[PDB]
Each structure stands twice: as structure tokens, then as C-alpha cells.
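Note sheet for the following structure.
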Amino acid sequence: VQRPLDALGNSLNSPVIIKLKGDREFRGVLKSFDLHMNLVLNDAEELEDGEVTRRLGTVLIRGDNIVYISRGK
Amino acid sequence: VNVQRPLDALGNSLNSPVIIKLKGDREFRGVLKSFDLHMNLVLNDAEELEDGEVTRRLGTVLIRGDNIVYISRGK
Amino acid sequence: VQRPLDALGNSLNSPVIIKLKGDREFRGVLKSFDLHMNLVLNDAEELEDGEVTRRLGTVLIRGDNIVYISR
Amino acid sequence: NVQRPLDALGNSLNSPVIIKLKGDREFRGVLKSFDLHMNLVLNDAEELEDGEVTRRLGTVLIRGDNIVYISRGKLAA
Amino acid sequence: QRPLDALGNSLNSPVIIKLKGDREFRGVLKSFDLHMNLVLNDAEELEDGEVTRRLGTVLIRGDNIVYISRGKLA
Amino acid sequence: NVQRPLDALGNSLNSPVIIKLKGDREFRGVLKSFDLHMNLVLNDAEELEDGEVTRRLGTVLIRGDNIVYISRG
Amino acid sequence: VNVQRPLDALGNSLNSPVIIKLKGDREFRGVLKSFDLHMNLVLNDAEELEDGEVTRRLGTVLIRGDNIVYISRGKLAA
């Protein structure tokens, strides 16, 4: 869609890359999000330095910690 | 959960064990008892972990949302 | 049914542990708090790593620095 | 009042207080006024860093956003 | 007139985004909101002048943004 | 007035003040204006350091969010 | 000056060179073109400096007010 949050909806049910502050990263399937960018991923993995360090299954990430969001696979 | 209501995932986790990761990496594991829209929450039979291990048994604890990075129903 | 701030009401006049950002900790009796979690402890003690480093008497702690509150 | 922590401050108006700040600086002085954000004014204030007085400020306005806690100060020994 | 209008005139232009902590992105500005959240197309994340990652479309939260620049040519 | 600390600022208009910021940066100058966020303007501002000017700035607008304290002196 | 409108000091600086000091040793210099109540502002012919030396030529740039410590006037070339 148009504005950033409206567009983010196009990613629902798709794999995404969530880059967090502190140079942490999560990958998983986007299932929900609000206008604060709080969001839920399914089948999520936390990566660090490039390696998967934890399997977080379903996870709710607080938007305040997010740096950027991009398409994964 | 509703595509526009991410906090419903907390509702779906009431009474289930959860993992809470905070800024600065402190982590807490406990049974989720309640929460609010700021993601403040109350856990029972809670434990605090540091560097991959349990460092403190807290019992019931209210955790302020503003310091939370994520909440996981884990595996 | 009790959201956090409401649940906190049950600790009123009872001893609590307050952990702050930067690892400082306070112990005392919860006398009051508001919605921002600003709160007052009576007979408060400031602990660092293990023992008391300061006896405060009645202290008002700003909620913004709080990481967690427990019994 | 269990819903009014700021009443604690009210009881301290015109008495010596200790204001502990983020970064661990500390101010001591007489509380003259404060608002709901905990911005406040002290008269006869001293600024302490690493244990000692580093400055005498006279009257000072401290922004609440930097405060960690406030307690009562002691009278001279 | 207002800063937000300059963003509006940058739609479809290449931009340089510098974040707090110094992460940098360069890409084509596609959209933005009043909080300065932005979407860039054909983005590259850079560290010290070298592309660290090719992102394709990316949504950058405005709260971490230090500046958004239209840069210089060549 | 025990409910309006900002009045202490009101009382310092057109008088020299010392401004202490997060990070320990210090400024001195004549207070000319301020708002409820404590954003303020100083004329003849000088950045100071351990009681020693290190930069003469002229008129300056300081963002309130970085202020630790303001004293009349 | 309007004792209650400190942002007017910016109004007076529109189309003039300014110095934008950020959260530690970093500053930008450029000609102020616009600003809002959050202190977000736009500069033209701008530069980013570190340690007093030009690090990057920023052209027209929007700087977010949340990172600004202070704003003062810049100078014309010697």
C-alpha cells in the first residue's frame, strides 16, 4: 500500500527480517502488528553475527526496539 | 491472533509459561498471570537469568513493559 | 482478571523489592504508587550486589527507572 | 494516600531533601516547589559527585526526567 | 514550508539515511509518515563506506533516524 | 509558588543562568525565553568547562530534553 | 524577544547559516530552510563535521529534532 504501516500489511503471512537495536536480528513469519510496530512472528529465530542462536517459536516483539523490517524467505 | 492486535498474543498466553527478554539482556521465565497495553506484566514462579543461567528465583514479579524487547511462548 | 497496576495494589503496606535500570535495588514497605509506578517505600534500604549501602527512611522512587517489583 | 506518591514530596516542602540522579550525581537542598513531572526547585543547594560537594548552586531547578529517587536530607551534625 | 514537505519532495529520489549509532542506508524514497517512518526501494546498508547488506525494500522506523539527506551528485 | 517550579525560570528572565546538560556539558548566558518543555534561549552564551569558557556562541537555543538543571548565577 | 517562544530564535535564523550540535562531539552546519515545533529542521548546503573537520557534504538534509542539543548561528566564509 501507500504509507509505511499500510504497506507493511502487504507482508502479513510472509517471511520477514526484523533488525533490532543492539544489532540483534529476528526472522520469522509476520502475523500481526499495530501502529506502534509491536508485532508477532511465527516460526521465529533470533540471529546474531549471522547465526541462529535461539528458536523463539511464536514471539511478540516490542516496536520500540525495532530499527528496520525487510522481506526475508 | 488478529492481524491488527499483536497484544492478543499475550491474551493467548495467559497462564502459560513465557520467556521475557529485556534491554541489556536480562531474561525472565515464569507463568504469565496478567498484562496491560504498555506490556507491563505479572509473572508467577518467576526466575531471572543472566549469561544463560538462572541467577535468582523471584516468585511473583511485576515487570515494566518499557524495558521489554520480546515475549516468547518459546518451545 | 487483575491487570498489573491493579495487582500491585495488593502489595500496599507490605515489603517489596524494587530493581532499577543499572542494577541498583531497593527494599522497603510499599506505601503508595501511581499509574506511572512512581512509588513511596517506608523504611527503605538501597542495596548493591549484596548488602545495604544506604538507609533512606521514606523514599519516593520514579517509576521510569524501574525494571521490576517483587515480594 | 495510596494513590498519591507525590504527596510524599508535598510533606517535604521547605525541608532538606536528597535528590539522586541518573549517572549518580546527587543534589542536597531545601525543597521549595515541584510539579507533577517531578521538576522541582531547591534553595541552598549543593551538587555532589563521587562522594563530595562539587558545587554550591544557591537556587536550582532540576528536571524531573533525570531523577532516580528523592529522600529526606539530614540537618547539620 | 515544513520539514515534512521536504520529505514529500524527495519521493522517488535517492536518499541517504543515517541512524543513531551510525548505521547508514541509501536507497530510493518510496513513502513516509508523519513519524518519519520510511520505506526505501533498492536499499543498501553501509558501514564505513562499504555495502554491508542489500535489502531491497526496507521499512526504517523514524525514531532511530538522525538525518535524511538528498546528498550531492556524482 | 510550591506547584509551579517553572516560575523560578520566569524569575530569571534577562538574568544570567548556568545550564547543566546530560553528559556534563555546561552553558552560561542571559536567559531570554523558554517554554514549558524547558527549551530555552540564551544571549551571550558561553559553553563552560570546570569554570572556564571553551566556546562563545552568541545567542543559542537549547533543547530542554537534555537539561539536568538550571541555576541562577 | 517573546519570552514564551524560544523557537522564534529559529525563525530569525531562516535562510541564515546555523550550527546544529548533536548528542556529543558531532555537529552539522548549513543554511536553515525550515523547522517545526519538534525542532525537526531542513538545511541547504549542509555539512557534517567531527573534530572540527568536514566529514560529509549533505546537500539539502532533514535533521530530526530529537537528537539536537542546541542550535546557534554559523558564520560566513572568511
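If you're wondering about the labels, chains in the C-alpha cells are A, B, ... by order shown, residues count from 1 in each chain, ligands from 1 in order shown.
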**Request:** Using DSSP on the backbone coordinates, identify the residues of chain D assigned to alpha helix (DSSP H); present them as a PyMOL selection string.
**Result:** chain D and resi 6-12
Keeping only C-alpha atoms, write those residues as a PDB file, in the first residue's frame.
ATOM      1  CA  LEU D   6       3.699  12.910  45.173  1.00  0.00           C
ATOM      2  CA  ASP D   7       2.033  13.796  48.496  1.00  0.00           C
ATOM      3  CA  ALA D   8       5.342  12.486  49.959  1.00  0.00           C
ATOM      4  CA  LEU D   9       7.088  15.305  48.232  1.00  0.00           C
ATOM      5  CA  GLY D  10       4.393  17.646  49.450  1.00  0.00           C
ATOM      6  CA  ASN D  11       5.228  16.748  53.064  1.00  0.00           C
ATOM      7  CA  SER D  12       8.867  17.656  52.287  1.00  0.00           C
TER       8      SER D  12
END
**Message:** I want to know what sits within 6 Å of stretch 48-61 of chain B, based on only C-alpha atoms, with residues of the same chain fewer than 6 positions away left out; could you give that as a VMD selection string?
**Reply:** (chain B and resid 26 to 28 42) or (chain C and resid 69 to 70)
Using N, CA, C and O atoms, can you export the residues from the last selection as a compact mmCIF listing (two decimals), in the first residue's frame?
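This went into out.txt:
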# COMPACT_ATOMS: atom_id res chain seq x y z
N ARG B 26 18.82 -9.04 30.36
CA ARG B 26 18.34 -9.81 31.50
C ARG B 26 17.17 -10.64 30.88
O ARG B 26 16.60 -10.24 29.87
N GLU B 27 16.87 -11.80 31.44
CA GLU B 27 15.76 -12.59 30.90
C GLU B 27 14.97 -13.11 32.11
O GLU B 27 15.51 -13.27 33.22
N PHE B 28 13.68 -13.33 31.90
CA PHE B 28 12.85 -13.85 32.97
C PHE B 28 12.02 -14.89 32.37
O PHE B 28 11.62 -14.77 31.21
N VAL B 42 2.72 -9.39 34.95
CA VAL B 42 2.95 -10.04 36.23
C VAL B 42 3.20 -11.53 35.88
O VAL B 42 2.42 -12.15 35.11
N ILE C 69 9.31 -5.22 40.13
CA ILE C 69 8.91 -5.14 41.53
C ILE C 69 8.47 -6.54 41.93
O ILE C 69 7.69 -7.15 41.22
N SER C 70 8.99 -7.04 43.06
CA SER C 70 8.61 -8.38 43.55
C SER C 70 8.48 -8.36 45.08
O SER C 70 8.84 -7.37 45.73
Residue contacts of residue A:15 (9 Å, only C-alpha atoms) excluding same-chain residues fewer than 3 positions away, as an mmCIF file with N, CA, C and O atoms, in the first residue's frame:
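Heads up, here's the output in result.cif:
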data_model
loop_
_atom_site.group_PDB
_atom_site.id
_atom_site.type_symbol
_atom_site.label_atom_id
_atom_site.label_comp_id
_atom_site.auth_asym_id
_atom_site.auth_seq_id
_atom_site.Cartn_x
_atom_site.Cartn_y
_atom_site.Cartn_z
ATOM 1 N N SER A 11 3.072 -7.523 3.882
ATOM 2 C CA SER A 11 3.975 -8.588 4.321
ATOM 3 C C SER A 11 3.324 -9.601 5.271
ATOM 4 O O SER A 11 3.969 -10.553 5.678
ATOM 5 N N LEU A 12 2.074 -9.388 5.647
ATOM 6 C CA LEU A 12 1.408 -10.311 6.574
ATOM 7 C C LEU A 12 1.454 -11.707 5.971
ATOM 8 O O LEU A 12 1.282 -11.847 4.762
ATOM 9 N N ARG A 27 14.046 -13.438 12.481
ATOM 10 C CA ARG A 27 13.457 -13.760 11.178
ATOM 11 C C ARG A 27 12.270 -14.628 11.560
ATOM 12 O O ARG A 27 12.310 -15.272 12.609
ATOM 13 N N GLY A 28 11.198 -14.617 10.781
ATOM 14 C CA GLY A 28 10.039 -15.419 11.137
ATOM 15 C C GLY A 28 8.933 -14.959 10.226
ATOM 16 O O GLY A 28 9.207 -14.135 9.371
ATOM 17 N N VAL A 29 7.702 -15.415 10.417
ATOM 18 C CA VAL A 29 6.613 -15.052 9.523
ATOM 19 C C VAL A 29 5.780 -14.024 10.218
ATOM 20 O O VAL A 29 5.342 -14.242 11.339
ATOM 21 N N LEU A 30 5.531 -12.921 9.550
ATOM 22 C CA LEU A 30 4.775 -11.857 10.200
ATOM 23 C C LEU A 30 3.324 -12.224 10.333
ATOM 24 O O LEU A 30 2.685 -12.562 9.347
ATOM 25 N N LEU A 41 5.654 -12.666 15.341
ATOM 26 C CA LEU A 41 6.184 -13.554 14.289
ATOM 27 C C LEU A 41 5.868 -15.002 14.715
ATOM 28 O O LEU A 41 5.800 -15.294 15.922
ATOM 29 N N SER A 70 12.408 -5.858 6.748
ATOM 30 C CA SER A 70 12.520 -6.105 5.322
ATOM 31 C C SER A 70 12.074 -7.535 5.009
ATOM 32 O O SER A 70 12.003 -8.368 5.898
ATOM 33 N N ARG A 71 11.787 -7.815 3.746
ATOM 34 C CA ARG A 71 11.356 -9.152 3.344
ATOM 35 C C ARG A 71 12.439 -10.225 3.476
ATOM 36 O O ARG A 71 13.615 -9.982 3.202
ATOM 37 N N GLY A 72 12.041 -11.410 3.928
ATOM 38 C CA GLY A 72 13.007 -12.478 4.099
ATOM 39 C C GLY A 72 12.691 -13.566 3.098
ATOM 40 O O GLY A 72 12.537 -13.288 1.900
ATOM 41 N N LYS A 73 12.604 -14.792 3.620
ATOM 42 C CA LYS A 73 12.257 -16.020 2.892
ATOM 43 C C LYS A 73 12.706 -17.239 3.697
ATOM 44 O O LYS A 73 11.848 -18.101 4.020
#
Could you give me, as a tab-separated table, a per-residue list for chain C showing, wherever an atom lies at most 7 Å from an atom of chain D, the closest pair of atoms and their distance in Å to one decimal, using only C-alpha atoms and sorting by chain then residue number from low to high?
residue	atom	partner	partner_atom	distance
C:31	CA	D:2	CA	6.1
C:32	CA	D:2	CA	4.0
C:33	CA	D:5	CA	5.4
C:34	CA	D:3	CA	5.3
C:38	CA	D:5	CA	6.6
C:39	CA	D:5	CA	5.4
C:40	CA	D:5	CA	5.7
C:56	CA	D:71	CA	6.4
C:58	CA	D:71	CA	6.2
C:59	CA	D:71	CA	4.6
C:60	CA	D:70	CA	5.2
C:61	CA	D:69	CA	4.4
C:62	CA	D:68	CA	5.7
C:65	CA	D:68	CA	6.5
For C-alpha atoms, I'd like the residues from the last selection saved as a tab-separated table (two decimals), in the first residue's frame.
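Saved to result_34.tsv:
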chain	number	residue	atom	x	y	z
C	31	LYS	CA	3.03	2.75	50.87
C	32	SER	CA	1.74	4.20	47.64
C	33	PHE	CA	2.15	4.37	43.87
C	34	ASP	CA	0.51	5.98	40.92
C	38	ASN	CA	6.22	6.36	40.88
C	39	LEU	CA	6.09	4.94	44.41
C	40	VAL	CA	6.89	5.53	48.06
C	56	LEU	CA	16.79	6.08	53.31
C	58	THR	CA	10.85	7.21	53.38
C	59	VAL	CA	11.94	7.33	49.70
C	60	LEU	CA	9.99	8.37	46.57
C	61	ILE	CA	11.23	6.31	43.54
C	62	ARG	CA	10.36	7.50	39.97
C	65	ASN	CA	13.75	3.76	36.27
Determine which residues of chain A sit within 9 Å of chain B, taking into account only C-alpha atoms, and present them as a PDB file with N, CA, C and O atoms, in the first residue's frame.
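Contents of out_21.pdb, as written:
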ATOM      1  N   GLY A   9       1.515  -4.128   5.814  1.00  0.00           N
ATOM      2  CA  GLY A   9       0.445  -5.127   5.806  1.00  0.00           C
ATOM      3  C   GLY A   9       0.599  -6.089   4.652  1.00  0.00           C
ATOM      4  O   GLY A   9       0.165  -7.243   4.738  1.00  0.00           O
ATOM      5  N   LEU A  12       2.074  -9.388   5.647  1.00  0.00           N
ATOM      6  CA  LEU A  12       1.408 -10.311   6.574  1.00  0.00           C
ATOM      7  C   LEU A  12       1.454 -11.707   5.971  1.00  0.00           C
ATOM      8  O   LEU A  12       1.282 -11.847   4.762  1.00  0.00           O
ATOM      9  N   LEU A  20      16.877  -5.357  15.112  1.00  0.00           N
ATOM     10  CA  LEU A  20      16.685  -4.659  16.380  1.00  0.00           C
ATOM     11  C   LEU A  20      17.903  -3.862  16.798  1.00  0.00           C
ATOM     12  O   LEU A  20      18.979  -4.004  16.197  1.00  0.00           O
ATOM     13  N   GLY A  22      21.033  -2.690  19.014  1.00  0.00           N
ATOM     14  CA  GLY A  22      21.971  -3.585  19.637  1.00  0.00           C
ATOM     15  C   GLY A  22      22.360  -4.619  18.615  1.00  0.00           C
ATOM     16  O   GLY A  22      22.855  -5.703  18.958  1.00  0.00           O
ATOM     17  N   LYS A  31       2.775 -12.122  11.544  1.00  0.00           N
ATOM     18  CA  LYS A  31       1.370 -12.495  11.726  1.00  0.00           C
ATOM     19  C   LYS A  31       0.466 -11.349  12.214  1.00  0.00           C
ATOM     20  O   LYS A  31      -0.771 -11.489  12.153  1.00  0.00           O
ATOM     21  N   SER A  32       1.045 -10.276  12.795  1.00  0.00           N
ATOM     22  CA  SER A  32       0.244  -9.187  13.355  1.00  0.00           C
ATOM     23  C   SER A  32       1.152  -7.992  13.650  1.00  0.00           C
ATOM     24  O   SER A  32       2.379  -8.143  13.847  1.00  0.00           O
ATOM     25  N   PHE A  33       0.569  -6.814  13.632  1.00  0.00           N
ATOM     26  CA  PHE A  33       1.314  -5.625  14.029  1.00  0.00           C
ATOM     27  C   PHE A  33       0.330  -4.486  14.260  1.00  0.00           C
ATOM     28  O   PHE A  33      -0.817  -4.536  13.809  1.00  0.00           O
ATOM     29  N   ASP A  34       0.746  -3.530  15.072  1.00  0.00           N
ATOM     30  CA  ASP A  34      -0.095  -2.388  15.370  1.00  0.00           C
ATOM     31  C   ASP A  34       0.657  -1.138  14.884  1.00  0.00           C
ATOM     32  O   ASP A  34       1.761  -1.240  14.311  1.00  0.00           O
ATOM     33  N   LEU A  35       0.057   0.019  15.104  1.00  0.00           N
ATOM     34  CA  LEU A  35       0.653   1.258  14.660  1.00  0.00           C
ATOM     35  C   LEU A  35       1.948   1.618  15.401  1.00  0.00           C
ATOM     36  O   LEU A  35       2.674   2.498  14.933  1.00  0.00           O
ATOM     37  N   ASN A  38       4.627  -2.843  17.216  1.00  0.00           N
ATOM     38  CA  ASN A  38       4.729  -4.083  18.010  1.00  0.00           C
ATOM     39  C   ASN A  38       4.267  -5.150  17.016  1.00  0.00           C
ATOM     40  O   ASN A  38       3.320  -4.924  16.233  1.00  0.00           O
ATOM     41  N   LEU A  39       4.828  -6.346  17.064  1.00  0.00           N
ATOM     42  CA  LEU A  39       4.367  -7.298  16.054  1.00  0.00           C
ATOM     43  C   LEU A  39       4.590  -8.715  16.524  1.00  0.00           C
ATOM     44  O   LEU A  39       5.347  -8.981  17.498  1.00  0.00           O
ATOM     45  N   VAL A  40       3.913  -9.634  15.882  1.00  0.00           N
ATOM     46  CA  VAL A  40       4.095 -11.038  16.229  1.00  0.00           C
ATOM     47  C   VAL A  40       4.654 -11.798  15.078  1.00  0.00           C
ATOM     48  O   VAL A  40       4.141 -11.621  13.959  1.00  0.00           O
ATOM     49  N   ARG A  55      15.467 -20.433  19.007  1.00  0.00           N
ATOM     50  CA  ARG A  55      14.229 -20.645  18.285  1.00  0.00           C
ATOM     51  C   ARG A  55      13.215 -20.121  19.288  1.00  0.00           C
ATOM     52  O   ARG A  55      13.103 -20.644  20.421  1.00  0.00           O
ATOM     53  N   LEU A  56      12.509 -19.058  18.884  1.00  0.00           N
ATOM     54  CA  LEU A  56      11.545 -18.394  19.757  1.00  0.00           C
ATOM     55  C   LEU A  56      10.118 -18.755  19.457  1.00  0.00           C
ATOM     56  O   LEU A  56       9.180 -18.191  20.059  1.00  0.00           O
ATOM     57  N   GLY A  57       9.935 -19.721  18.561  1.00  0.00           N
ATOM     58  CA  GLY A  57       8.575 -20.111  18.214  1.00  0.00           C
ATOM     59  C   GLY A  57       7.756 -18.837  17.955  1.00  0.00           C
ATOM     60  O   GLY A  57       8.210 -17.945  17.214  1.00  0.00           O
ATOM     61  N   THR A  58       6.553 -18.737  18.512  1.00  0.00           N
ATOM     62  CA  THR A  58       5.758 -17.520  18.320  1.00  0.00           C
ATOM     63  C   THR A  58       6.344 -16.462  19.238  1.00  0.00           C
ATOM     64  O   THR A  58       6.623 -16.725  20.405  1.00  0.00           O
ATOM     65  N   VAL A  59       6.499 -15.234  18.739  1.00  0.00           N
ATOM     66  CA  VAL A  59       7.092 -14.223  19.572  1.00  0.00           C
ATOM     67  C   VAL A  59       6.458 -12.849  19.293  1.00  0.00           C
ATOM     68  O   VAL A  59       6.089 -12.563  18.180  1.00  0.00           O
ATOM     69  N   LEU A  60       6.319 -12.057  20.347  1.00  0.00           N
ATOM     70  CA  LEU A  60       5.801 -10.683  20.297  1.00  0.00           C
ATOM     71  C   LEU A  60       7.037  -9.788  20.532  1.00  0.00           C
ATOM     72  O   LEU A  60       7.648  -9.849  21.598  1.00  0.00           O
ATOM     73  N   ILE A  61       7.347  -8.919  19.575  1.00  0.00           N
ATOM     74  CA  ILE A  61       8.479  -8.039  19.691  1.00  0.00           C
ATOM     75  C   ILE A  61       7.926  -6.638  19.867  1.00  0.00           C
ATOM     76  O   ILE A  61       7.004  -6.240  19.129  1.00  0.00           O
ATOM     77  N   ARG A  62       8.448  -5.900  20.837  1.00  0.00           N
ATOM     78  CA  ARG A  62       8.002  -4.500  21.050  1.00  0.00           C
ATOM     79  C   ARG A  62       8.578  -3.602  19.994  1.00  0.00           C
ATOM     80  O   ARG A  62       9.789  -3.591  19.799  1.00  0.00           O
ATOM     81  N   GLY A  63       7.710  -2.805  19.365  1.00  0.00           N
ATOM     82  CA  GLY A  63       8.153  -1.990  18.260  1.00  0.00           C
ATOM     83  C   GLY A  63       9.269  -1.016  18.600  1.00  0.00           C
ATOM     84  O   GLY A  63      10.106  -0.643  17.716  1.00  0.00           O
ATOM     85  N   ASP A  64       9.300  -0.579  19.876  1.00  0.00           N
ATOM     86  CA  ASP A  64      10.299   0.424  20.254  1.00  0.00           C
ATOM     87  C   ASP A  64      11.736   0.006  20.043  1.00  0.00           C
ATOM     88  O   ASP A  64      12.616   0.854  19.939  1.00  0.00           O
ATOM     89  N   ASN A  65      11.963  -1.298  19.981  1.00  0.00           N
ATOM     90  CA  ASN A  65      13.311  -1.833  19.803  1.00  0.00           C
ATOM     91  C   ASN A  65      13.671  -2.022  18.323  1.00  0.00           C
ATOM     92  O   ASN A  65      14.810  -2.346  18.021  1.00  0.00           O
TER      93      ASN A  65
END
**Request:** Would you list the contacts of residue E:4 as a VMD selection string, taking every protein, DNA or RNA residue within 10 Å and counting only C-alpha atoms, but skipping same-chain residues closer than 3 positions in sequence?
**Result:** (chain E and resid 1 7 to 9 32 to 36) or (chain G and resid 34 to 36 40 to 42 62)
Go ahead and write the residues just picked, N, CA, C and O atoms, as a PDB file, in the first residue's frame.
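Saved as again_35.pdb:
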ATOM      1  N   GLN E   1       7.201  24.391   3.001  1.00  0.00           N
ATOM      2  CA  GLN E   1       7.180  25.195   4.271  1.00  0.00           C
ATOM      3  C   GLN E   1       7.665  24.404   5.489  1.00  0.00           C
ATOM      4  O   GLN E   1       8.484  24.905   6.244  1.00  0.00           O
ATOM      5  N   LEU E   7      10.327  16.052   2.809  1.00  0.00           N
ATOM      6  CA  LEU E   7      10.363  14.624   2.607  1.00  0.00           C
ATOM      7  C   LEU E   7       9.498  14.315   1.399  1.00  0.00           C
ATOM      8  O   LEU E   7       9.822  13.469   0.574  1.00  0.00           O
ATOM      9  N   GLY E   8       8.386  15.032   1.325  1.00  0.00           N
ATOM     10  CA  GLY E   8       7.418  14.817   0.251  1.00  0.00           C
ATOM     11  C   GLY E   8       8.035  15.079  -1.105  1.00  0.00           C
ATOM     12  O   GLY E   8       7.733  14.387  -2.066  1.00  0.00           O
ATOM     13  N   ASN E   9       8.926  16.052  -1.170  1.00  0.00           N
ATOM     14  CA  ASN E   9       9.561  16.391  -2.442  1.00  0.00           C
ATOM     15  C   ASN E   9      10.718  15.465  -2.779  1.00  0.00           C
ATOM     16  O   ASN E   9      11.308  15.586  -3.844  1.00  0.00           O
ATOM     17  N   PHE E  32       6.587   7.648   3.319  1.00  0.00           N
ATOM     18  CA  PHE E  32       6.964   8.000   4.674  1.00  0.00           C
ATOM     19  C   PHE E  32       5.691   8.461   5.398  1.00  0.00           C
ATOM     20  O   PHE E  32       4.698   8.798   4.741  1.00  0.00           O
ATOM     21  N   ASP E  33       5.723   8.489   6.726  1.00  0.00           N
ATOM     22  CA  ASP E  33       4.599   9.043   7.507  1.00  0.00           C
ATOM     23  C   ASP E  33       5.059  10.186   8.406  1.00  0.00           C
ATOM     24  O   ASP E  33       6.271  10.549   8.445  1.00  0.00           O
ATOM     25  N   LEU E  34       4.114  10.788   9.143  1.00  0.00           N
ATOM     26  CA  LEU E  34       4.472  11.913   9.975  1.00  0.00           C
ATOM     27  C   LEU E  34       5.472  11.607  11.084  1.00  0.00           C
ATOM     28  O   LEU E  34       6.018  12.546  11.665  1.00  0.00           O
ATOM     29  N   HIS E  35       5.731  10.324  11.370  1.00  0.00           N
ATOM     30  CA  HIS E  35       6.686   9.953  12.395  1.00  0.00           C
ATOM     31  C   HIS E  35       8.064   9.761  11.759  1.00  0.00           C
ATOM     32  O   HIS E  35       9.012   9.420  12.437  1.00  0.00           O
ATOM     33  N   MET E  36       8.109   9.970  10.449  1.00  0.00           N
ATOM     34  CA  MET E  36       9.278   9.786   9.621  1.00  0.00           C
ATOM     35  C   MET E  36       9.686   8.324   9.495  1.00  0.00           C
ATOM     36  O   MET E  36      10.806   8.036   9.235  1.00  0.00           O
TER      37      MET E  36
ATOM     38  N   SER G  34      13.876  25.367   6.951  1.00  0.00           N
ATOM     39  CA  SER G  34      12.576  25.224   7.630  1.00  0.00           C
ATOM     40  C   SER G  34      12.753  24.488   8.953  1.00  0.00           C
ATOM     41  O   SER G  34      13.797  23.849   9.206  1.00  0.00           O
ATOM     42  N   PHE G  35      11.741  24.563   9.798  1.00  0.00           N
ATOM     43  CA  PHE G  35      11.776  23.843  11.094  1.00  0.00           C
ATOM     44  C   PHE G  35      10.337  23.665  11.590  1.00  0.00           C
ATOM     45  O   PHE G  35       9.429  24.428  11.164  1.00  0.00           O
ATOM     46  N   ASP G  36      10.121  22.678  12.466  1.00  0.00           N
ATOM     47  CA  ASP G  36       8.798  22.523  13.061  1.00  0.00           C
ATOM     48  C   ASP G  36       8.856  22.593  14.581  1.00  0.00           C
ATOM     49  O   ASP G  36       9.938  22.853  15.159  1.00  0.00           O
ATOM     50  N   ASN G  40      12.520  19.542  14.271  1.00  0.00           N
ATOM     51  CA  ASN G  40      12.991  18.866  13.095  1.00  0.00           C
ATOM     52  C   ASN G  40      13.343  20.078  12.188  1.00  0.00           C
ATOM     53  O   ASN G  40      12.633  21.115  12.191  1.00  0.00           O
ATOM     54  N   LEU G  41      14.395  19.974  11.401  1.00  0.00           N
ATOM     55  CA  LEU G  41      14.622  21.108  10.529  1.00  0.00           C
ATOM     56  C   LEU G  41      15.277  20.680   9.226  1.00  0.00           C
ATOM     57  O   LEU G  41      15.734  19.539   9.088  1.00  0.00           O
ATOM     58  N   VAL G  42      15.250  21.576   8.263  1.00  0.00           N
ATOM     59  CA  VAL G  42      15.854  21.280   6.998  1.00  0.00           C
ATOM     60  C   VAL G  42      16.935  22.303   6.728  1.00  0.00           C
ATOM     61  O   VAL G  42      16.699  23.506   6.899  1.00  0.00           O
ATOM     62  N   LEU G  62      17.322  16.796   6.093  1.00  0.00           N
ATOM     63  CA  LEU G  62      16.324  16.959   7.139  1.00  0.00           C
ATOM     64  C   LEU G  62      16.989  16.324   8.360  1.00  0.00           C
ATOM     65  O   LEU G  62      17.478  15.182   8.297  1.00  0.00           O
TER      66      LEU G  62
END
**Asked** Quick one: of F:62, F:21, F:53, F:31, who's nearest to chain D, counting only C-alpha atoms?
**Response**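 Among the listed residues, the smallest separation from chain D belongs to F:21.
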**Asked** If you count only C-alpha atoms, which residues fall within 6 Å of residue G:20, apart from same-chain ones fewer than 5 positions away, as number ranges by chain?
**Response** G: 27-28, 71
Saved selection, atoms kept: N, CA, C and O atoms, as a tab-separated table (two decimals), in the first residue's frame:
chain	number	residue	atom	x	y	z
G	27	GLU	N	28.42	17.84	14.90
G	27	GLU	CA	27.58	18.99	14.56
G	27	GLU	C	27.39	19.03	13.07
G	27	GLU	O	28.10	18.37	12.31
G	28	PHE	N	26.37	19.78	12.67
G	28	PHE	CA	26.07	19.98	11.27
G	28	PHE	C	26.09	21.49	11.12
G	28	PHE	O	25.78	22.23	12.07
G	71	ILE	N	21.20	24.82	19.00
G	71	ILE	CA	21.34	25.46	17.69
G	71	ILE	C	21.82	26.90	17.90
G	71	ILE	O	21.28	27.62	18.75
**Request:** For chain F, work out the contacting residues on chain G at 7 Å, counting only C-alpha atoms, and write them as a list in words.
**Result:** residues 2, 3, 4, 5, 6, 9, 68, 69, 70, 71 and 72 of chain G
For the residues in the current selection, export C-alpha atoms as a short mmCIF file (atom, residue, chain, number, x, y, z; two decimals), in the first residue's frame.
data_model
loop_
_atom_site.label_atom_id
_atom_site.label_comp_id
_atom_site.auth_asym_id
_atom_site.auth_seq_id
_atom_site.Cartn_x
_atom_site.Cartn_y
_atom_site.Cartn_z
CA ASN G 2 8.92 36.75 23.07
CA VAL G 3 9.86 35.28 26.46
CA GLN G 4 7.49 32.38 25.89
CA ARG G 5 8.52 31.43 22.25
CA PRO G 6 12.12 30.23 22.26
CA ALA G 9 15.19 32.25 17.60
CA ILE G 68 19.62 18.08 18.79
CA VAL G 69 21.38 19.51 21.85
CA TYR G 70 21.49 23.17 20.70
CA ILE G 71 21.34 25.46 17.69
CA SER G 72 23.33 28.67 17.26
#
**Request:** Give me the residues within 7 Å of stretch 11-25 of chain E as a ChimeraX atom specification, counting only C-alpha atoms and dropping any in the same chain fewer than 3 places off.
**Result:** /E:7-8,28-31,43-47,64-71
**Message:** One decimal, in Å: what's the spacing between atom CA of residue B:29 and atom CA of residue B:64?
**Reply:**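 We find that atom CA of residue B:29 and atom CA of residue B:64 lie 14.4 Å from each other.
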